Amino acid sequence: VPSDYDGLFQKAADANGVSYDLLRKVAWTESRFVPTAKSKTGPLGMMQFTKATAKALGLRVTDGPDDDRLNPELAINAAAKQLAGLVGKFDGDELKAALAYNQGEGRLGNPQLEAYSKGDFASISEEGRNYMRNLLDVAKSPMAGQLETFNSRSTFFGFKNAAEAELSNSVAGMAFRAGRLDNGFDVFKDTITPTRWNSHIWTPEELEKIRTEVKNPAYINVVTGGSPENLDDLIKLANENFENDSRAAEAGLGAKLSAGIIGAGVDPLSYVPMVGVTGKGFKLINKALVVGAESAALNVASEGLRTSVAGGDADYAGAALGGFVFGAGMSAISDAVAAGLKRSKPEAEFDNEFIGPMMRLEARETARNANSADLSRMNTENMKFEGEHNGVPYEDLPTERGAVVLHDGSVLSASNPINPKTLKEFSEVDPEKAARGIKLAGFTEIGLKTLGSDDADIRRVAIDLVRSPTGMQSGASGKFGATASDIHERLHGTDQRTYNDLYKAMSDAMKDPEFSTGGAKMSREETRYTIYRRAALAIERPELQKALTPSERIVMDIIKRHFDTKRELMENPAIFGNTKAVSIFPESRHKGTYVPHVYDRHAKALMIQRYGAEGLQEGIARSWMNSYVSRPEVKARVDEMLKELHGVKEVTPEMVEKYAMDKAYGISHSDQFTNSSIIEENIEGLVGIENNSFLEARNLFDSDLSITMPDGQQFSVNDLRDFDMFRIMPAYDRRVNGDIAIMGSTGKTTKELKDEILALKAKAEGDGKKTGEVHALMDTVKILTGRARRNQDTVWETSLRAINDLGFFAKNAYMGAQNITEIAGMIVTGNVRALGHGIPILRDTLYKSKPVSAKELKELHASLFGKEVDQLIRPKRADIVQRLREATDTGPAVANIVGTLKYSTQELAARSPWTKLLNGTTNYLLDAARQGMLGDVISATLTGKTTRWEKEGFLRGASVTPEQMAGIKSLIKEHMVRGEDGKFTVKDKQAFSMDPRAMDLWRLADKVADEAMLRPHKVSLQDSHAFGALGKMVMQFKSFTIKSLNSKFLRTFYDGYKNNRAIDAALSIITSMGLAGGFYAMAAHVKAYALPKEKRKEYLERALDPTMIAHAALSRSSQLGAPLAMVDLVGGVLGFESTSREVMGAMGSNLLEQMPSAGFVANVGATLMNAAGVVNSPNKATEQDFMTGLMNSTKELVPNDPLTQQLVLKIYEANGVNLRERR
Amino acid sequence: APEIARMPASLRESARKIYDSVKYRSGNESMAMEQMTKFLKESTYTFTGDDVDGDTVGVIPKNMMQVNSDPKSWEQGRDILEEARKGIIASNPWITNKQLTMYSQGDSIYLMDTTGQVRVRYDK
Amino acid sequence: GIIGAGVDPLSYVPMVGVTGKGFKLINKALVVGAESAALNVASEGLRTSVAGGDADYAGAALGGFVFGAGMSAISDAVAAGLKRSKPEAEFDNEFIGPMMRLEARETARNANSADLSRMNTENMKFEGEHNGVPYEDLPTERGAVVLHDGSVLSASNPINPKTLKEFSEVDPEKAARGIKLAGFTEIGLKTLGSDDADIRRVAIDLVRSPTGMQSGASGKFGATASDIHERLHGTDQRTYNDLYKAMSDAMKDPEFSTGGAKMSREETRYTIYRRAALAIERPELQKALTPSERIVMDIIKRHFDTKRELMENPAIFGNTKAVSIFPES
Amino acid sequence: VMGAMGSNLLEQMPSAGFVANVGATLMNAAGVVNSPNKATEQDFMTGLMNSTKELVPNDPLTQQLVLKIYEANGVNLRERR
Amino acid sequence: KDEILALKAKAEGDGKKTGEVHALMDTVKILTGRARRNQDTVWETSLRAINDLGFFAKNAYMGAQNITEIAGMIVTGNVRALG
Amino acid sequence: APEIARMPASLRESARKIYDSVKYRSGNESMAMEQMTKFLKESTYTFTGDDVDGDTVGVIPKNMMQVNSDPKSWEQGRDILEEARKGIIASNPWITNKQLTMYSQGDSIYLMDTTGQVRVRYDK
């Protein structure tokens, strides 16, 4: 079917909104898919028009080949614009527009159009009438029935065609004869229609009006009834609805459900869409399940939920109400599906798998709110426990699959992310993804190994770096200093607290109307990038601060205070014990907040594709020199540095120019200052622990001013820089905390300590004991500088340990933590069940325990390799990907070349309705589709097969010239190895990422993925036939999305309220979790084939079950636009994975504390710690820190809106679930 | 309610007029809802999935299923449409009873699954 | 429906409080296909950048609709009166064509789709280019050419190419040399193609080549004089529009608008500008400015401060050996 | 074309990052240097509205007054065609 | 200015070079603002920009046409009445 | 409704007064709408297009079309105007029927397209 123009047709349909089927079938009739069609009449083109149309409207402002030649993209775009104009002019009548297109207009066209208008198809010419009859299927027309009254259909019963036509007078033959297959379904025309207020991006004036006048901006998203004419009416309606819902919440669904969600048998499935319900009046105290019920808490701990962010107990209540609704509904779904299955097989029991967890969750929440006597606790009598994952004992319940019980009787179900059995089992059977990590050793192990075995230098370095928890030495004056370990713990704790503050601030910032209310301006990741970039630019230029909204102002203040504190610790690392600690900070006397300078690899690659090496270098140097000459403070500090460096009283401009050129050489010709995560991933040899990149990227110039390049375009060094403090702030923190610890403990720097340790190795190269000691010391330095790598698995094990501690001491926080993790487990297990049912590829091949075929194994290898290659070569900056995707459209190009007014990309961008409407789901699907396309192209190239993406049109949809495609083939051949089996590997990895052709490869894959997979509004099985495992999986996910959008509940919800945002949130959660599970399944099948034949069945049976797939989904499923990472919000100290006299000493410590944190009440919303606060902070993480981290971290997994939980639930109900089997 | 949740397009304006009129005359919102529901049930047939719950595959206006001038003959078109639904389910196994949606455009009845792959158009 | 309904503004009360505010002309009929979503992020609304846009535009539109409909009524009545004298005389309305098309355009603009005022461009050869804009003369309407998309600009529309061309061709003594001598694109081709060292050096500094066979890879890493000139024009023009709105607000205050006319409009403008300048020179006077004059003074001060900053450091552009044309730092 | 793209893809000047000020840009030297040389479409459109604010009155009342003055005066009406 | 006059004096012979130095002189005259663009550039610039708007910005294009047509109506009504 | 929409504007004030009078007489705005609508229907004739969805090309007051002193001569005036509209369309096929609009000014009837090409005056 496809004929090398589907990308162009799809683009020219999304732009100039018109049916893609119309344009494609017009191509069918007019030319049968040839760009130059020989016709006797004279038309010569893809659409077969010379006539006057050609020059007509389009062209005449540009060198037009025209009557003789037409650019196929331009020809299709012009024809699409013509057809859109005709379709709109004739109301929506597709067939009238087709008649006007074919028969022309004016001379012979207009009488025929009038005849069409009055019915009267007899007057219409035979050619035009046949043309419309051809288009009857793809065209939507009020006149379609009249034309039909004026066959490749699936048989209702019996034989095809003649059996039902010539005969079968009985009803069924009648229904066959009146069929008229439509095959013209457009989801955004029929199901999800863009309204005025959806897809309308606010002007700054409207934004300020909304910010001032709208109480809750989320109420702008709903459009009930007729659309308000003007934004003032929309604001008034939004405020009225907000006041009504606030007034209603006291007797609303939260209050009604605050008594007995599951003890009363409430069925959330038979519910209205819960639009206004935000779960504010929801304290689940079920009467009954309340036995003894003290009104006074036992300690000052316990009492309430110990979170430290403002708005806690309220977003927790929203998450709880959503989780209760979802879990009760999923229990109802399980029972209904079990009944439907028992219809088929009465002697089959099945498992609810939700109602046990939900009953216990109601019991826990009831006891938590009533303060006493959790009734969900099991009777621990006659339990031997035994079995410890991280020192937590547990008993397996035979009754419930997985689902161990803890020491106090608290039972954690299977798929609860923290229960020790699932964590242990996931550790044992985890697909290729289990790596070295931090299992080498921890600070306690090094302390014992090195701090006490007969060596002056070894023990000196150990006493400086590592603190001994319990030792026989017990030095009375071992060290009056902090030691590197304690500094590392302190910095980790303070960084984690400021990360939670930043998380809260960024969530508030990116909930504001600019990003949430109107038509979707940018993806969530891109909104996060824009806010972080605004904060950083306001930090560097304070004049920009007046342009920040108060929320972004808070964000910027948090970031500024954090970076100022880090600088203050690096300048004076002697604030800790060591008095001979001096200024690891690279260039002081430059008094200002240092936002780390990191440059995008792909921005540099773009500025090298043109102006290869000397051009980019000299552009960087010239922008810096623009700063130097422009601002006198820059000139002063640069001159002072140059005088000090060259020992000369005067500085010539030649000297400063040469300095700028040398400093720009580091950026232009080296990737030391780029993202470069992969080189840091390698840890052997202690080479890169020296030379912190964040500090060396520091320069005295300003990257703010731009220079005009020889081609006339303006380049600023800030354009290279990577903002977003999502990869940037954590990595900067790891390196600078390592350096701060090294200088605060030892007077020496990282280089000096490394040199000392290599000298110790050279000295004690003989003894095995001493080599082990120096290796433990080296491992300490590697942990301390952040080389290490803690892995994703630490979040849930750290949560398990901390929640065990909470259970010992803080009862209410303990129960709230268990409730939130139980809700997360039920959400993920419901997702696994529903998507194992719905998406075919999962249930048939990947979620199934049966090993896949050899061809399926090759497809899995290709898809996982495509994911790896995408992680290697994907642009990290969200701006870069957004602009790359948007700019390739014809509008931006034509405006750049011909236009006299500037315009801008993201104003002339076509943009699919998949992005404008339902943005997050589309982003997930684009990422997966691009990875699948990368794998498909790489596998085809190595195997020698020519892809269907080789042909000219799809390359034209991207910027892939004939030449760049050949270069892509050459690049794939040079850096990829074809394994003996389907396995794919990369040569040199980093060198492959270095190639300029890798950018072309990524661009090809992304544009092909968009145009071929995400842009179309149709999903068909034949569409899934084309792509590989990842491709067809993501296509079946797209089909699942379309099915859900057509579900009765979702159709009713959209008709009643519009609100594409809520549906987007729901489907985004579904897609994130499902893609996580699918990737886990593919990697598990690959690892199974890695095993010997006998063990494959056992391993696949053990590793492919709902519990482990659900834990994989909770593990990854990284939210695209999550402020900071879930690891940062809750992550233990890397080195720290795991009689009465010392007790009396600790007591004597806490008797005397007089720090401001002890004397003052904690700030509401932002600690804004300075250097004194960091130094006075305890090294151990406090319980409120852990609890706020847990809530913030689960805010991504567990939605706070009950409405999105209900929408997810109804999507699942329309989909269906698996029910396990038997016991 | 299937008739009010999935109210067809023209009956939206007719039902709004009835609801408004009864509300104005009586003040009672229950009377207006009962009258508007009565109108919708008299003027539509709700196709239901013959399952435990495949219920409400669609609410079609009664005059769109009508064959010939006799108002009572809407039942013949109903039988044709239900035979069409059964034939679509039986012909394509992957479509289940819950997948089909019946809805009416201006002058047509559309019978489609949750995907867009299968749509058949039934017009007067 | 101002003109689809035959509204006669002549039989209207003096219409005093009406400021145009809830006037979105969506005529029902003249609305065919009518998308609720705009095609691009461009388009969507009126792309003005001054505050109060879409409101002063609405006021101007309502005033223009009232005026044009009334002028159509006036012309029809005068034609009837003249037909009384001579029945065999037709005359031309000269307003109702433009007004009908204006209603159609405004209706499609506010309804977002399918301008019905657009011509059927079939069988049109266009030809006739004033400044690269093709057009067809309509024999039906005097003047009144039609554009490429079918948009027809009537005669006396200040922008329509045929009136502009004819005004250029027959303009009384007032036609002067102007800027017809040459343009930057011609200068680049003529002199940057010199093959001489000094001529090409000066040209590289001053003028940028749009398209050339030389295509210098490292011709110049500077702004160049042409690009600086065009950038400064753009920034000055934006500042002028900002100042224009600020000064309109300033001269709309009670001091100059409400009571007996204290000075002429030109003098209100002069007094406001002089107050701003004196407050800039003596900051003590700024406490005496009203908030609108305070905004005016801030705009003027920022403009002059920026100009001074560019004179003092002309090396903020590419050239590093550029030094302070500003007279007395 | 692709060169101009590779240029506009990278832009991180504050005018791109931040939403436009309501009522006064108040550009400094950095803003002037980072400004594009070509006039943007919103610049032209606001300039057009401001420039015609003199020719086309914003008050409907003065337009009505002008209209009634013309009515009391008269109109030529051209001739023939 | 001194350099350009020196170049003109040097190349006083060649017609091509005299044309080139006169082009450079006209460049300086345009650049320093001697020039003089006249009033007619307003409406021709508006015509070019409105054509571009019609290519790309539909609502802005139509609003610009509406405001220009209103201005034309006002001025032509004034011409008729005062004639 | 074709009468309430469009509306000849010679009757706007009369319909206003009638709506007020019926609303005050019987405190029922539905009755006021019905009465002013029926006034407009009896006092005006709605011209409709030739198409199957035939929409209103214009609403002209009944009296403006009278050819002789008989009040029913508006029928003959209507026939003349329908013939005029047919002739205008037939002579200028460029005009789609939707462009052509009919409206009444204070004394005359204009039928014209949404363009300055065709404007035909029909006095009583």
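Order of writing sets the chain letters: A, B, C, D, E and F. Residues in each chain are counted from 1.
FYI, a contact is a pair of C-beta atoms (placed from the backbone, for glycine too) under 8 Å apart; a residue touches a chain by one contact, two chains touch by 3 or more.
In UniProt terms, the chains line up like this: A = Peptidoglycan transglycosylase gp16.
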Farthest-lying chain, centroid of Cα atoms versus that of subunit F: A
Farthest chain relative to subunit E (centres taken as mean CA coordinates): B
Whole-Å separation of chain centres (CA-atom averages), subunit A against subunit D: 40
Centre-of-Cα separation between subunit F and subunit E, whole angstrom: 50
Inter-centroid spacing, subunit D versus subunit C (mean Cα positions, whole Å): 5
In subunit D, residues with contacts to at least two other chains: 20, 22, 28-29, 33, 36, 38-39, 41, 44-45, 49, 52, 56, 63, 66-67, 70, 74-75, 77
Multi-chain contact sites of subunit F, meaning residues that touch two or more partners: 94
Subunit F to subunit C touching residues, read off their complex: 5-10, 55-56, 94, 98-99, 101, 103-108, 110, 112-117, 119, 121
Subunit E-facing residues of subunit C, complex: 38-40, 42-47, 57, 60-61, 63-64, 67-68, 71, 75, 94-95, 98-99, 101-102, 105-106, 108-109, 112, 115, 130-133, 147, 149, 151, 153-161, 164, 167-168, 176-179, 181-182, 184, 186-187, 190-191, 194, 196, 198-199, 202-203, 206-207, 225-226, 229
Residues of subunit C defined as touching subunit F within the complex: 1, 3-8, 28-30, 32, 73, 76, 80, 93, 96-98, 100-101, 103-104, 116-117, 119-120, 138, 140-141, 144, 152, 154
Subunit C-touching residues of subunit E, taken from the complex the two chains share: 3-4, 7, 10-11, 17, 19-21, 23-24, 26-28, 30-31, 35-38, 40-41, 43-44, 46-48, 50-51, 54, 56-60, 62-63, 65-77, 79-80
Complex contacts: residues of subunit A adjacent to subunit D: 204-205, 207-208, 514, 530, 533-534, 537, 541, 543-544, 547, 603, 606-607, 609-610, 626, 630, 704-706, 709, 711, 713-716, 718-721, 723, 879-880, 883-884, 887-888, 892-893, 896-897, 900-905, 959
